[PDB]
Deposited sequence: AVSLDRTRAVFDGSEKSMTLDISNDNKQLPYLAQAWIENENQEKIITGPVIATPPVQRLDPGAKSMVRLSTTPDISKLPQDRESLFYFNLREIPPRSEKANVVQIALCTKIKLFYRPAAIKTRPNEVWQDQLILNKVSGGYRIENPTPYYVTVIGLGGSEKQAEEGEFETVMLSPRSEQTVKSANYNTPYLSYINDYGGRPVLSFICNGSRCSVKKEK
């Protein structure tokens, strides 16, 4: 659901398949920027745009970077979405979107480093203002009053941009807990300790 790249490889292929055992499908592929608008001008592209996949048949999509990848900020992450839509040739289709995180080598991490423990919760009316002081995107799943309640979250509540703040509507908890998705797809839980209006990771 997420791929991190640094632009050292100009191309990548994804394996796609028609999982429908009976009908043929067209598979449309395209890139969107972080605001989820289609971009056909780079700096990440996908080919081919369209292709027919017969029942049970396998194929691939090629993702490439263009020279304009180097005009992106080099001290923070940039986000793209790879989109796949499958429609038989009320329109009902299968639609997938994978998050592509452009992570410049200047901000490459070590595997035993957790930047997500720098999140701050600010107690505001009707919820919290979360600060992400890091150069990376932080995908939050659950926010609760216990590890259990944070672990139950089934969806991505909010996604925090590099070096940013966002307000989320939430009940005020004495002991706030939040789960996030890491680079490997896991969902660790953080516990916060509050001091009046501000809570930091224990």
For this session: Could you name the stretches of the deposited sequence that have no C-alpha atoms in this structure?
Result: 1-6, 96-102, 216-218
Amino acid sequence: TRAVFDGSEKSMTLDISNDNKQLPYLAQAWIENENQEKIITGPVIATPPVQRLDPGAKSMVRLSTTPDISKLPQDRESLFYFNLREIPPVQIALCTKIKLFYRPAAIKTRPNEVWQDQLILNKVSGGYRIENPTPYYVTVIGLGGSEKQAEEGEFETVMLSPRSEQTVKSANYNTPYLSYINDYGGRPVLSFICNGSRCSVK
From here on, numbers count along this sequence of modelled residues.
For this session: Going by the average Cα B-factor in the PDB entry, point out whether 25-33 or 173-181 comes out higher.
Result: 173-181
Seminar exercise, completed: Comparing 52-60 with 130-138, the higher average Cα temperature factor in the PDB entry belongs to 52-60
For this session: Compare the CA B factors listed in the entry for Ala93, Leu79, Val114, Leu119 and report the winner.
Result: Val114
Exercise. Once the chain's modelled residues are ordered by C-alpha B factor and cut into thirds, is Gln74 in the lowest, middle or highest one?
Worked result: lowest
Exercise. Should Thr157 be placed in the lowest, middle or highest third of its chain by the C-alpha B factor in the entry?
Worked result: highest
Problem set entry | Cα B factor band for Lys148 (lowest, middle or highest third within the chain) | highest
Exercise. Comparing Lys99 with the other modelled residues of its chain, is its CA B-factor in the lowest, middle or highest third?
Worked result: middle
For this session: Could you look up the Cα B-factor of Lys123 in the entry and say which third of the chain it sits in: lowest, middle or highest?
Result: middle
